[PDB]
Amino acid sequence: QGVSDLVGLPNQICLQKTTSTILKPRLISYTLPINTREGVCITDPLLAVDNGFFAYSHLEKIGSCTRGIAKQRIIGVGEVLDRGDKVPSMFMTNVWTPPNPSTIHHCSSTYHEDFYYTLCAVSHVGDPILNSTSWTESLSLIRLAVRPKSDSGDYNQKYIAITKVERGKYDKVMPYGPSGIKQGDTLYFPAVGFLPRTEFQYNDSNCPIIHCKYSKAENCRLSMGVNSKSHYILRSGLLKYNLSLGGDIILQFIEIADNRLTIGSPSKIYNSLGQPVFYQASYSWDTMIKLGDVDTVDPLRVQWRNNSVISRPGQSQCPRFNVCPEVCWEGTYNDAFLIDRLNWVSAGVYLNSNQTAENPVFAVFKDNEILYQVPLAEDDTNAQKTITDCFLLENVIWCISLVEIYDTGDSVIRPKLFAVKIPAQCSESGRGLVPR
């Protein structure tokens, strides 16, 4: 109606620590076909939200989420609407499905002007992250009109295989993360590069092992690949697509700078309150949340927050709150979205457990302080990947969070979509007014 980007001067939000239950998560109303029955897992979820539109993707598998048989991959876009209540809802306007559900891997969506542009890898050897040597570089673009039009040719849906990929020293590159940004007529997608370990230049003396008893200086370089002797190391970055250029589509890989370097992992870049922000999943020993203002997009340098309160579950080598270099490849993607630049306040869903993917908690937090939070499920509810995007509905900050969750009544793993308004008051309605 009035759903737009988080920009300008939003209505006030609570900026102090409180135990009051001011967060009131709601399951959001949607037309996305993301409900099922038992026997199937809905995995590989993607959510993007932009300028009152959204993009969404998943892979439906028969059986296990990791080992099941690929049933259906969908990429869908739509509008974020007002259901009449000044509450957001998601209406899907355009859905694309490939004939082979198993060959599309690692999609990433960026919005521009009429379309969501979704960049995906194409693989016949499974997950390129797990079959790095076998996978031959193959990327495709699925362009979808957010408002389809009849008798428009390829305006509604356009598929294009991309052959010209500028990757510099890397052998191969691919999208890695849910969503990116536009700057003018150029799109940037979160991405990763595969670089042979033999070409990786790293001084082990840069690996911070002070006050870390059990750490060896080699641990940072060894943990830049999926195991200590991996043929490749992984480096996060961006894939640049300039819509203004004529002809044969060219993508260009832009590696992330080496400040607070960790293994290439699903990331996202987004604009909030006038500037790009980056989140990088912590898939190794540096387990505190990695997010910050993007200093420069190309070359890519992120001013990582010194956040001391949000982490992610791992196993015992790199469990939650680990900070010392170890050789490990583990963790979860749980992003956060800047909603107040002056005080650097963010909103996102974290998993409140040290070594188990469970207990999704929606939190509003600063670098060194969680201000307020609310659980999204009963305790010991298993949950893994979370994607949070925030926006304005008539100048009020709302967030939509995708949570990959075990559904009890419908005994399957699937994404659930929560809408959460950020309140203005630090006390909840009626607090202290109901007697005792």
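Heads up: residue numbers just count along the shown sequence, starting at 1.
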(request) Report, as yes or no, whether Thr31 is left without coordinates in at least one third of the other compared entries. (result) yes
(message) Of the other PDB entries for this protein whose models extend past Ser411 on both sides, does at least a third leave it without coordinates?
(response) yes
(request) Would you determine, from the values in the PDB entry, which of 185 to 193 and 315 to 323 has the greater average C-alpha temperature factor? (result) 315 to 323
(message) Tell me which stretch, 213 to 221 or 226 to 234, has the higher mean Cα B-factor listed in the entry.
(response) 213 to 221
(request) Specify which of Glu255, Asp248, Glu79, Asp171 carries the largest Cα B factor in the deposited PDB entry. (result) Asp248
(message) Between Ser244, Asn259, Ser346, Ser265, which one tops the list for Cα B-factor in this entry?
(response) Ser244
(request) Relative to the other modelled residues of the same chain, rank the CA B-factor of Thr332 and answer lowest, middle or highest third. (result) lowest
(request) Using the B-factor values recorded in the entry, state whether the Cα atom of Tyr372 falls in the lowest, middle or highest third among the modelled residues of its chain. (result) middle
(request) State the tercile, meaning the lowest, middle or highest third, of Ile104 with respect to the CA B-factors recorded for its chain. (result) lowest
(message) Going by the CA temperature factor in the PDB record, which third of the chain does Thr408 belong to: lowest, middle or highest?
(response) highest
(message) Using only modelled residues of the chain, where does the Cα B factor of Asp154 rank: lowest third, middle third or highest third?
(response) highest
